[PDB]
file input06.txt (compact mmCIF, C-alpha atoms)
# COMPACT_ATOMS: atom_id res chain seq x y z
CA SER A 269 59.03 140.82 71.37
CA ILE A 270 62.65 140.13 70.44
CA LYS A 271 63.26 137.85 73.43
CA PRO A 272 60.77 135.00 72.71
CA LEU A 273 62.49 132.22 70.81
CA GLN A 274 61.80 131.58 67.13
CA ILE A 275 60.67 128.26 65.66
CA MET A 276 64.23 127.08 64.97
CA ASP A 277 65.35 127.85 68.54
CA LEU A 278 62.58 125.65 69.95
CA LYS A 279 63.45 123.03 67.32
CA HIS A 280 67.05 122.96 68.58
CA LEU A 281 65.89 122.82 72.20
CA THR A 282 63.67 119.86 71.35
CA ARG A 283 66.59 118.32 69.46
CA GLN A 284 68.49 118.43 72.75
CA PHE A 285 65.41 116.92 74.40
CA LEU A 286 65.31 114.19 71.72
CA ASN A 287 68.95 113.44 72.52
CA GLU A 288 67.80 113.11 76.13
CA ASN A 289 64.66 111.19 75.08
CA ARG A 290 62.83 110.87 71.76
CA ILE A 291 59.84 113.24 71.94
CA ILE A 292 57.60 114.39 69.07
CA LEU A 293 55.99 117.85 68.90
CA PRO A 294 54.04 119.65 66.13
CA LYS A 295 54.38 123.02 64.39
CA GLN A 296 51.65 125.31 65.77
CA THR A 297 52.80 124.35 69.26
CA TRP A 298 55.99 126.25 68.40
CA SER A 299 54.09 129.52 67.90
CA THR A 300 52.08 128.85 71.06
CA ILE A 301 55.35 128.16 72.91
CA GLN A 302 56.79 131.41 71.52
CA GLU A 303 53.90 133.45 72.91
CA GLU A 304 54.04 131.60 76.23
CA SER A 305 57.83 132.04 76.10
CA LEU A 306 57.40 135.80 76.09
CA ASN A 307 55.00 135.27 78.99
CA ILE A 308 57.49 133.01 80.80
CA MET A 309 60.30 135.51 80.18
CA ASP A 310 58.17 138.03 82.06
CA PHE A 311 57.50 135.33 84.67
CA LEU A 312 61.23 134.65 85.11
CA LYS A 313 62.23 138.32 85.17
CA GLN A 314 59.71 138.93 87.95
CA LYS A 315 60.98 135.68 89.49
CA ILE A 316 64.67 136.64 89.17
CA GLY A 317 65.51 140.32 89.61
CA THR A 318 69.01 141.75 89.89
CA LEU A 319 71.35 138.87 89.14
CA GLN A 320 72.89 137.43 92.31
CA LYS A 321 74.11 133.86 92.70
CA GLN A 322 72.21 133.23 95.94
CA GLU A 323 69.15 135.05 94.57
CA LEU A 324 69.10 132.92 91.41
CA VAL A 325 69.69 129.72 93.38
CA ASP A 326 66.81 130.53 95.75
CA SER A 327 64.51 131.44 92.85
CA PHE A 328 65.22 128.19 91.00
CA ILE A 329 64.84 126.17 94.22
CA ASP A 330 61.43 127.77 94.76
CA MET A 331 60.46 127.18 91.11
CA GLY A 332 61.21 123.46 91.48
CA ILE A 333 63.78 123.39 88.67
CA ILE A 334 66.58 122.54 91.12
CA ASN A 335 66.97 121.46 94.73
CA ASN A 336 70.36 123.08 95.48
CA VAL A 337 73.50 124.35 93.76
CA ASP A 338 74.35 120.67 93.32
CA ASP A 339 71.37 120.28 90.99
CA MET A 340 72.33 123.66 89.50
CA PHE A 341 75.66 122.52 88.10
CA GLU A 342 74.32 119.00 87.50
CA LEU A 343 71.72 120.42 85.11
CA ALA A 344 74.41 122.68 83.65
CA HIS A 345 76.55 119.60 82.97
CA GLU A 346 73.56 117.78 81.47
CA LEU A 347 72.64 120.59 79.08
CA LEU A 348 76.04 121.89 77.94
CA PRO A 349 79.55 120.80 76.84
CA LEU A 350 82.48 120.18 79.16
CA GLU A 351 84.48 123.43 79.21
CA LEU A 352 81.55 125.65 80.18
CA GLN A 353 80.88 123.39 83.17
CA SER A 354 84.56 123.44 84.10
CA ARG A 355 84.11 127.21 84.26
CA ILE A 356 80.85 126.78 86.21
CA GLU A 357 82.37 124.38 88.75
CA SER A 358 85.25 126.81 89.19
CA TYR A 359 82.63 129.49 89.84
CA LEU A 360 80.30 127.22 91.84
CA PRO B 127 53.04 157.89 98.03
CA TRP B 128 54.98 159.48 95.16
CA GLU B 129 57.18 156.38 94.86
CA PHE B 130 55.82 153.96 92.27
CA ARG B 131 57.61 150.97 93.80
CA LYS B 132 55.39 150.61 96.88
CA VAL B 133 52.13 150.48 94.90
CA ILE B 134 53.85 148.33 92.28
CA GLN B 135 54.85 145.74 94.89
CA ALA B 136 51.44 145.83 96.59
CA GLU B 137 49.61 145.27 93.30
CA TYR B 138 52.11 142.56 92.34
CA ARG B 139 51.33 140.78 95.62
CA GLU B 140 47.61 141.17 94.87
CA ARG B 141 48.04 139.87 91.31
CA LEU B 142 50.52 137.06 91.97
CA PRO B 143 50.76 134.45 94.76
CA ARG B 144 53.29 134.06 97.58
CA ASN B 145 55.07 130.94 96.33
CA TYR B 146 55.68 133.21 93.33
CA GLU B 147 59.11 134.73 94.03
CA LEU B 148 58.06 138.37 94.03
CA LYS B 149 60.89 139.28 96.42
CA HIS B 150 63.18 139.45 93.38
CA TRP B 151 62.46 142.68 91.49
CA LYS B 152 63.59 142.82 87.87
CA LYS B 153 65.44 145.89 86.67
CA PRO B 154 63.28 147.06 83.73
CA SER B 155 65.05 147.71 80.45
CA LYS B 156 65.92 151.35 79.81
CA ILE B 157 63.88 151.19 76.60
CA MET B 158 60.83 149.99 78.56
CA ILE B 159 61.19 152.85 81.05
CA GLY B 160 61.65 155.28 78.18
CA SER B 161 58.52 154.00 76.43
CA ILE B 162 56.35 154.27 79.55
CA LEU B 163 57.76 157.74 80.19
CA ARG B 164 57.21 158.87 76.59
CA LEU B 165 53.60 157.71 76.78
CA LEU B 166 53.26 159.75 79.98
CA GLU B 167 54.61 162.95 78.41
CA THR B 168 52.59 162.48 75.21
CA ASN B 169 49.36 162.17 77.20
CA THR B 170 50.35 165.05 79.50
CA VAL B 171 51.28 167.44 76.67
CA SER B 172 48.21 166.58 74.57
CA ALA B 173 45.86 167.14 77.51
CA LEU B 174 47.94 170.22 78.37
CA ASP B 175 47.34 171.97 75.06
CA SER B 176 43.72 170.81 75.01
CA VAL B 177 43.00 172.20 78.49
CA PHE B 178 44.95 175.43 77.97
CA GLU B 179 42.96 176.08 74.79
CA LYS B 180 39.63 175.00 76.32
CA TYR B 181 39.63 177.44 79.26
CA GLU B 182 41.30 180.28 77.32
CA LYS B 183 37.87 181.83 76.70
CA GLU B 184 36.94 181.87 80.39
CA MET B 185 40.52 182.82 81.26
CA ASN B 186 40.33 185.92 79.06
CA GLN B 187 36.86 186.51 80.54
CA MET B 188 38.14 186.78 84.13
CA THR B 189 41.71 188.00 83.49
CA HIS B 190 40.49 191.29 81.91
CA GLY B 191 42.79 190.81 78.93
CA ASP B 192 46.20 190.56 80.64
CA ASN B 193 48.61 188.65 78.39
CA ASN B 194 51.94 189.08 80.19
CA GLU B 195 50.41 187.51 83.30
CA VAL B 196 48.88 184.60 81.37
CA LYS B 197 52.35 184.03 79.92
CA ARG B 198 53.56 184.00 83.53
CA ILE B 199 50.86 181.45 84.42
CA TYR B 200 51.78 179.26 81.44
CA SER B 201 55.47 179.32 82.37
CA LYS B 202 54.69 178.61 86.04
CA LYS B 203 52.59 175.57 85.19
CA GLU B 204 55.22 174.55 82.63
CA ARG B 205 58.03 174.25 85.14
CA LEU B 206 55.66 172.76 87.72
CA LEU B 207 55.04 170.01 85.17
CA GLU B 208 58.78 169.84 84.45
CA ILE B 209 59.59 169.26 88.14
CA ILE B 210 56.80 166.68 88.40
CA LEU B 211 58.18 165.09 85.23
CA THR B 212 61.69 164.80 86.66
CA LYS B 213 60.25 163.26 89.83
CA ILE B 214 58.26 160.75 87.77
CA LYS B 215 61.33 159.99 85.66
CA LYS B 216 63.48 159.15 88.68
CA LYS B 217 60.65 157.20 90.31
CA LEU B 218 60.21 155.17 87.12
CA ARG B 219 63.97 154.61 87.05
CA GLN B 220 63.55 153.05 90.49
CA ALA B 221 60.21 151.47 89.49
CA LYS B 222 60.37 147.80 88.50
CA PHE B 223 58.56 146.31 85.49
CA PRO B 224 58.93 143.36 83.12
CA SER B 225 60.38 144.56 79.82
CA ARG B 226 57.97 143.39 77.13
CA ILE B 227 55.60 146.34 76.54
CA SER B 228 55.99 148.69 73.57
CA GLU B 229 54.67 152.24 73.31
CA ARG B 230 53.23 151.47 69.86
CA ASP B 231 50.63 149.11 71.37
CA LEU B 232 49.44 151.69 73.92
CA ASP B 233 49.26 154.81 71.71
CA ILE B 234 45.66 155.22 70.58
CA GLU B 235 46.27 156.50 67.03
CA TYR B 236 47.22 152.97 65.91
CA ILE B 237 44.54 150.87 67.63
CA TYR B 238 41.82 153.37 66.69
CA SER B 239 42.85 153.23 63.02
CA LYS B 240 42.94 149.43 63.20
CA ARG B 241 39.40 149.41 64.60
CA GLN B 242 38.19 151.76 61.85
CA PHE B 243 39.78 149.55 59.19
CA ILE B 244 38.20 146.44 60.71
CA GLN B 245 34.73 147.98 60.77
CA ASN B 246 35.12 149.24 57.19
CA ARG B 247 36.04 145.73 56.06
CA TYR B 248 33.03 144.37 57.97
CA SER B 249 30.74 146.85 56.19
CA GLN B 250 32.12 145.94 52.77
CA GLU B 251 31.74 142.22 53.47
CA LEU B 252 28.14 142.55 54.65
CA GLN B 253 27.22 144.62 51.58
CA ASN B 254 28.79 142.00 49.30
CA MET C 1 70.84 127.77 68.92
CA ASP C 2 72.59 127.05 72.21
CA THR C 3 72.28 127.78 75.91
CA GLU C 4 74.88 130.47 75.20
CA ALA C 5 72.41 132.15 72.83
CA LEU C 6 69.69 131.93 75.48
CA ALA C 7 72.04 133.52 78.03
CA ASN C 8 72.86 136.28 75.54
CA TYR C 9 69.15 136.94 75.01
CA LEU C 10 68.56 137.01 78.77
CA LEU C 11 71.41 139.46 79.38
CA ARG C 12 70.06 141.62 76.55
CA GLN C 13 66.68 141.60 78.30
CA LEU C 14 68.30 142.42 81.66
CA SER C 15 70.18 145.41 80.23
CA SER C 36 81.85 139.66 83.58
CA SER C 37 82.61 135.98 84.12
CA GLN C 38 80.34 135.55 87.15
CA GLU C 39 77.52 137.45 85.43
CA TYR C 40 77.91 135.26 82.34
CA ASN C 41 77.81 132.13 84.50
CA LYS C 42 74.64 133.40 86.19
CA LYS C 43 73.14 133.98 82.73
CA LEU C 44 74.10 130.43 81.76
CA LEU C 45 72.44 129.00 84.88
CA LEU C 46 69.29 131.06 84.28
CA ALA C 47 69.18 129.86 80.67
CA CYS C 48 69.53 126.27 81.90
CA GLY C 49 66.59 126.86 84.23
CA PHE C 50 64.59 128.27 81.32
CA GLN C 51 65.46 125.17 79.29
CA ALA C 52 64.25 122.96 82.14
CA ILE C 53 61.00 124.94 82.42
CA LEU C 54 60.34 124.64 78.69
CA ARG C 55 61.16 120.92 78.71
CA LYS C 56 58.78 120.34 81.63
CA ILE C 57 55.98 122.27 79.91
CA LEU C 58 56.47 120.37 76.65
CA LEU C 59 56.58 117.04 78.50
CA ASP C 60 53.33 117.84 80.32
CA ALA C 61 51.62 118.86 77.07
CA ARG C 62 52.81 115.73 75.26
CA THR C 63 51.69 113.50 78.14
CA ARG C 64 48.24 115.10 78.01
CA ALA C 65 48.06 114.65 74.23
CA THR C 66 49.15 111.00 74.43
CA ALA C 67 46.58 110.42 77.17
CA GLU C 68 43.95 111.79 74.79
CA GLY C 69 45.44 109.99 71.79
CA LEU C 70 45.39 112.78 69.19
CA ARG C 71 47.25 112.32 65.92
CA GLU C 72 48.85 115.74 66.45
CA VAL C 73 49.33 117.78 69.61
CA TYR C 74 47.20 120.93 69.69
CA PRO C 75 47.83 124.34 71.27
CA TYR C 76 45.19 123.97 74.00
CA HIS C 77 47.27 121.29 75.74
CA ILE C 78 50.22 123.70 75.60
CA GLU C 79 48.10 126.52 77.04
CA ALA C 80 46.74 124.32 79.83
CA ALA C 81 50.22 123.11 80.80
CA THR C 82 51.67 126.63 80.74
CA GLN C 83 48.81 128.04 82.82
CA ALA C 84 49.14 125.19 85.33
CA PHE C 85 52.87 125.86 85.65
CA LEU C 86 52.26 129.60 86.03
CA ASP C 87 49.62 129.10 88.74
CA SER C 88 51.63 126.47 90.62
CA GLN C 89 54.75 128.66 90.65
call {"tool": "encode", "arguments": {"input": "input06.txt", "output": "structure tokens"}}
result
Amino acid sequence: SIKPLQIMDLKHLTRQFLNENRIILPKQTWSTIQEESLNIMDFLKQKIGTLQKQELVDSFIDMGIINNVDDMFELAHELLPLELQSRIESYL
Amino acid sequence: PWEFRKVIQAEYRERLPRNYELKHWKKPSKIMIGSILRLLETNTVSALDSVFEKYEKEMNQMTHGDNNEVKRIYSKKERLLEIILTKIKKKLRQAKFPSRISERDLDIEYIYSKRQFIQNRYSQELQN
Amino acid sequence: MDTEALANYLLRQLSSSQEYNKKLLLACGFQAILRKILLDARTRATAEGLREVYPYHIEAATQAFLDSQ
């Protein structure tokens, strides 16, 4: 649908990944990732319902993405510029 | 029960594991709820006219040609279906779904035409 | 794009400051999930040694992640 990311969105995400570590990926994998991204959007919506801070933290702890809110804002700091994480740390 | 949520959660538990965080129920998008609903009313109204026309012969057979009372019957069933429809609408408002399904992919007039086109192309190719 | 765009897409799908921060965290989690899936697929492809990665590695990694979680 509208939600799954286009080719350029995945290209920018993998540009961030390349900044983290140089990784090479081909073209048709982007379409496959778009289809599976619609699937994973459904997966995450069923994983995370009405948006609550504790609910989201528990869901991401169960999913293995994070271990606690510490890893929450640590990943936020890793993936984003400074001011947004100043806001996050004020919130978290 | 009438509530969709209980059966929805039970079948989600059947479909998906326990480490899967099913305890969090996504609010479905209003467009998704509207599409599921609209499919429901389209099916209901189509079958409604089909059934009301199908038994009209037998109905006139046993009703001894009373038209005011068949109008009464039609109106009675109409607002029965309206009340059931309002109940289904509110239960779907409280029913939880992932928002990725479109009504266009579950109407039959599109998929049936696609199948007919595919088989016509197959026939032309085999003749060639 | 940006994690802000991902958060905007996620809030569009769902439909203040705390809600926006929750969207940002969820988008970061989505980024981590996608990075893990891509890393698994690339590791499988490099283990095979293909010149180009192919969609079946991607499908296998995504299905493994879906079943595990």
call {"tool": "closest_atom_pairs", "arguments": {"input": "input06.txt", "of": "chain C", "to": "chain B", "cutoff": "9 Å", "atoms": "only C-alpha atoms", "output": "tab-separated table"}}
result
residue	atom	partner	partner_atom	distance
C:12	CA	B:155	CA	8.8
C:13	CA	B:155	CA	6.7
C:14	CA	B:155	CA	6.3
C:15	CA	B:155	CA	5.6
C:86	CA	B:146	CA	8.8
C:87	CA	B:143	CA	8.1
C:88	CA	B:145	CA	8.0
C:89	CA	B:146	CA	5.4
call {"tool": "closest_residue", "arguments": {"input": "input06.txt", "among": "C:84, C:78, C:67, C:46", "to": "residue 312 of chain A", "atoms": "only C-alpha atoms"}}
result
C:46
call {"tool": "residues_around", "arguments": {"input": "input06.txt", "residues": "segment 328-342 of chain A", "least_positions_apart": "2", "cutoff": "9 Å", "atoms": "only C-alpha atoms", "output": "mmCIF file with C-alpha atoms, in the coordinates of the input"}}
result
data_model
loop_
_atom_site.group_PDB
_atom_site.id
_atom_site.type_symbol
_atom_site.label_atom_id
_atom_site.label_comp_id
_atom_site.auth_asym_id
_atom_site.auth_seq_id
_atom_site.Cartn_x
_atom_site.Cartn_y
_atom_site.Cartn_z
ATOM 1 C CA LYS A 315 60.980 135.680 89.490
ATOM 2 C CA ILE A 316 64.670 136.640 89.170
ATOM 3 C CA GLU A 323 69.150 135.050 94.570
ATOM 4 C CA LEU A 324 69.100 132.920 91.410
ATOM 5 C CA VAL A 325 69.690 129.720 93.380
ATOM 6 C CA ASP A 326 66.810 130.530 95.750
ATOM 7 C CA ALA A 344 74.410 122.680 83.650
ATOM 8 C CA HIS A 345 76.550 119.600 82.970
ATOM 9 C CA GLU A 346 73.560 117.780 81.470
ATOM 10 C CA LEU A 347 72.640 120.590 79.080
ATOM 11 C CA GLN A 353 80.880 123.390 83.170
ATOM 12 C CA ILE A 356 80.850 126.780 86.210
ATOM 13 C CA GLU A 357 82.370 124.380 88.750
ATOM 14 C CA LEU A 360 80.300 127.220 91.840
ATOM 15 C CA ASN B 145 55.070 130.940 96.330
ATOM 16 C CA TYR B 146 55.680 133.210 93.330
ATOM 17 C CA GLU B 147 59.110 134.730 94.030
ATOM 18 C CA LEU C 45 72.440 129.000 84.880
ATOM 19 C CA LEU C 46 69.290 131.060 84.280
ATOM 20 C CA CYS C 48 69.530 126.270 81.900
ATOM 21 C CA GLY C 49 66.590 126.860 84.230
ATOM 22 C CA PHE C 50 64.590 128.270 81.320
ATOM 23 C CA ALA C 52 64.250 122.960 82.140
ATOM 24 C CA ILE C 53 61.000 124.940 82.420
ATOM 25 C CA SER C 88 51.630 126.470 90.620
ATOM 26 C CA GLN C 89 54.750 128.660 90.650
#
call {"tool": "residues_around", "arguments": {"input": "input06.txt", "residues": "residue 8 of chain C", "least_positions_apart": "6", "cutoff": "12 Å", "atoms": "all atoms listed in the file", "output": "JSON, numbers by chain"}}
result
{"A": [271], "C": [1, 2, 14, 15, 39, 40, 41, 42, 43, 44, 45, 46, 47]}
call {"tool": "residues_around", "arguments": {"input": "input06.txt", "residues": "segment 172-186 of chain B", "least_positions_apart": "6", "cutoff": "10 Å", "atoms": "only C-alpha atoms", "output": "PDB file with C-alpha atoms, in the frame of the given file"}}
result
ATOM      1  CA  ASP B 192      46.200 190.560  80.640  1.00  0.00           C
ATOM      2  CA  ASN B 193      48.610 188.650  78.390  1.00  0.00           C
ATOM      3  CA  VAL B 196      48.880 184.600  81.370  1.00  0.00           C
ATOM      4  CA  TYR B 200      51.780 179.260  81.440  1.00  0.00           C
ATOM      5  CA  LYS B 203      52.590 175.570  85.190  1.00  0.00           C
ATOM      6  CA  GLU B 204      55.220 174.550  82.630  1.00  0.00           C
ATOM      7  CA  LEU B 207      55.040 170.010  85.170  1.00  0.00           C
TER       8      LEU B 207
END
call {"tool": "interface_residues", "arguments": {"input": "input06.txt", "of": "chain A", "to": "chain C", "cutoff": "9 Å", "atoms": "only C-alpha atoms", "output": "MDAnalysis selection string"}}
result
chainID A and resid 270:273 276:282 285 291:301 304:305 308:309 311:313 316:321 324:325 328 330:334 340:341 343:344 347:348 352 355:356 359
call {"tool": "closest_residue", "arguments": {"input": "input06.txt", "among": "A:269, A:289, A:358, A:303", "to": "chain B", "atoms": "only C-alpha atoms"}}
result
A:269
call {"tool": "closest_residue", "arguments": {"input": "input06.txt", "among": "B:131, B:205, B:198, B:240", "to": "residue 223 of chain B", "atoms": "all atoms listed in the file"}}
result
B:131
call {"tool": "atom_distance", "arguments": {"input": "input06.txt", "atom1": "atom CA of residue 129 of chain B", "atom2": "atom CA of residue 211 of chain B"}}
result
13.0 Å
call {"tool": "atom_distance", "arguments": {"input": "input06.txt", "atom1": "atom CA of residue 160 of chain B", "atom2": "atom CA of residue 307 of chain A"}}
result
21.1 Å
call {"tool": "atom_distance", "arguments": {"input": "input06.txt", "atom1": "atom CA of residue 163 of chain B", "atom2": "atom CA of residue 197 of chain B"}}
result
26.8 Å
call {"tool": "decode", "arguments": {"input": "input06.txt", "residues": "segment 55-76 of chain C", "atoms": "N, CA and C atoms", "output": "mmCIF file, in the first residue's frame"}}
result
data_model
loop_
_atom_site.group_PDB
_atom_site.id
_atom_site.type_symbol
_atom_site.label_atom_id
_atom_site.label_comp_id
_atom_site.auth_asym_id
_atom_site.auth_seq_id
_atom_site.Cartn_x
_atom_site.Cartn_y
_atom_site.Cartn_z
ATOM 1 N N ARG C 55 17.494 -3.261 9.192
ATOM 2 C CA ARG C 55 18.940 -3.445 9.146
ATOM 3 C C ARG C 55 19.325 -4.873 9.504
ATOM 4 N N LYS C 56 18.675 -5.450 10.519
ATOM 5 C CA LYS C 56 18.961 -6.832 10.890
ATOM 6 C C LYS C 56 18.599 -7.793 9.765
ATOM 7 N N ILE C 57 17.445 -7.581 9.127
ATOM 8 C CA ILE C 57 17.027 -8.459 8.034
ATOM 9 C C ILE C 57 18.015 -8.372 6.875
ATOM 10 N N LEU C 58 18.410 -7.147 6.513
ATOM 11 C CA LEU C 58 19.355 -6.969 5.415
ATOM 12 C C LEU C 58 20.712 -7.576 5.750
ATOM 13 N N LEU C 59 21.160 -7.425 6.999
ATOM 14 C CA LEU C 59 22.429 -8.015 7.410
ATOM 15 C C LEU C 59 22.381 -9.535 7.328
ATOM 16 N N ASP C 60 21.276 -10.140 7.776
ATOM 17 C CA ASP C 60 21.147 -11.591 7.687
ATOM 18 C C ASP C 60 21.161 -12.057 6.236
ATOM 19 N N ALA C 61 20.425 -11.360 5.366
ATOM 20 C CA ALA C 61 20.396 -11.739 3.957
ATOM 21 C C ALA C 61 21.775 -11.609 3.319
ATOM 22 N N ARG C 62 22.492 -10.525 3.626
ATOM 23 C CA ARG C 62 23.815 -10.335 3.044
ATOM 24 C C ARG C 62 24.807 -11.361 3.573
ATOM 25 N N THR C 63 24.702 -11.725 4.854
ATOM 26 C CA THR C 63 25.567 -12.772 5.390
ATOM 27 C C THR C 63 25.304 -14.101 4.696
ATOM 28 N N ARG C 64 24.030 -14.436 4.471
ATOM 29 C CA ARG C 64 23.715 -15.662 3.743
ATOM 30 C C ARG C 64 24.283 -15.627 2.328
ATOM 31 N N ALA C 65 24.119 -14.497 1.635
ATOM 32 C CA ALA C 65 24.619 -14.388 0.267
ATOM 33 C C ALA C 65 26.138 -14.501 0.215
ATOM 34 N N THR C 66 26.837 -13.844 1.145
ATOM 35 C CA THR C 66 28.292 -13.933 1.180
ATOM 36 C C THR C 66 28.756 -15.335 1.548
ATOM 37 N N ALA C 67 28.004 -16.033 2.404
ATOM 38 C CA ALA C 67 28.314 -17.429 2.685
ATOM 39 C C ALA C 67 28.183 -18.276 1.428
ATOM 40 N N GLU C 68 27.149 -18.021 0.623
ATOM 41 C CA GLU C 68 27.038 -18.715 -0.657
ATOM 42 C C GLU C 68 28.149 -18.266 -1.600
ATOM 43 N N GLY C 69 28.349 -16.959 -1.717
ATOM 44 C CA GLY C 69 29.314 -16.405 -2.641
ATOM 45 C C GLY C 69 28.759 -15.891 -3.953
ATOM 46 N N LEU C 70 27.469 -15.566 -4.017
ATOM 47 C CA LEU C 70 26.875 -15.074 -5.253
ATOM 48 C C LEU C 70 27.456 -13.720 -5.643
ATOM 49 N N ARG C 71 27.481 -13.465 -6.954
ATOM 50 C CA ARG C 71 27.886 -12.151 -7.444
ATOM 51 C C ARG C 71 26.903 -11.076 -6.997
ATOM 52 N N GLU C 72 25.609 -11.387 -7.022
ATOM 53 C CA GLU C 72 24.566 -10.471 -6.584
ATOM 54 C C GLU C 72 23.629 -11.192 -5.627
ATOM 55 N N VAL C 73 23.182 -10.476 -4.594
ATOM 56 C CA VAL C 73 22.196 -11.027 -3.674
ATOM 57 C C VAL C 73 20.877 -11.213 -4.417
ATOM 58 N N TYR C 74 20.133 -12.243 -4.043
ATOM 59 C CA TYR C 74 18.903 -12.604 -4.726
ATOM 60 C C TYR C 74 17.746 -12.622 -3.741
ATOM 61 N N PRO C 75 16.515 -12.422 -4.224
ATOM 62 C CA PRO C 75 15.383 -12.225 -3.302
ATOM 63 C C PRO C 75 15.081 -13.407 -2.396
ATOM 64 N N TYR C 76 15.540 -14.619 -2.718
ATOM 65 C CA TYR C 76 15.198 -15.750 -1.859
ATOM 66 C C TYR C 76 15.927 -15.686 -0.520
#
